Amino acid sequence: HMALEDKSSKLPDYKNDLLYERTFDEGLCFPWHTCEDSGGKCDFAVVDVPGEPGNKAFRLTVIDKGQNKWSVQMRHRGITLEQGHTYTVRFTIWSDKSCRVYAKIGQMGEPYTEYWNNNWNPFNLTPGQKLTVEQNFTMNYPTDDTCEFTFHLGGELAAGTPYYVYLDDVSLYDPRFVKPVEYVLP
């Protein structure tokens, strides 16, 4: 189905982004979705950012933290990391409670090799503090088309349930990547 380019002034060119939705400002989040596993429970909506007309954010409700950090996630699959390419990972996240969020890009399936993960450190969210992250890394492993960009929220990362975690302005940029185009008329 048909995806939506954005022309955000604070992100790199959409055409070189491996992600298909970055700003949620149309109320749409696809291909971003949630996962429940091992007892986790969650919901999602795209919602207005208070004080910032026009601006909307992806909002995950953590309902049950389940049995593991990976019991609750928000993710974007369909990611190939290319040997030799240098990626810029970018995102704004916040929460209405004190919680942790483990961000990673890595294999969807076993053995779940992690290609990026903020050097094994989750991010500490604090109410009233938004975190805008920007990091680079270079894929030194063989090219891997089975990757996802995922945030784990469950288990010992979780605050008291239920609560909200927000994502916005999310980008995985590669200067040597261009999305496949299709042409339409019109």
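Residue positions are given as counts along the sequence shown, with the first one as 1.
Stretches 30 to 38 and 154 to 162 differ in mean CA B factor, with 30 to 38 having the higher one.
For the two regions 120 to 128 and 44 to 52, the entry's Cα B-factors average higher over 44 to 52. Residue-level temperature factors show residue 82 in the middle third of its chain, judged at the C-alpha atom. Among all modelled residues in its chain, residue 170 ranks in the lowest third by Cα B-factor.
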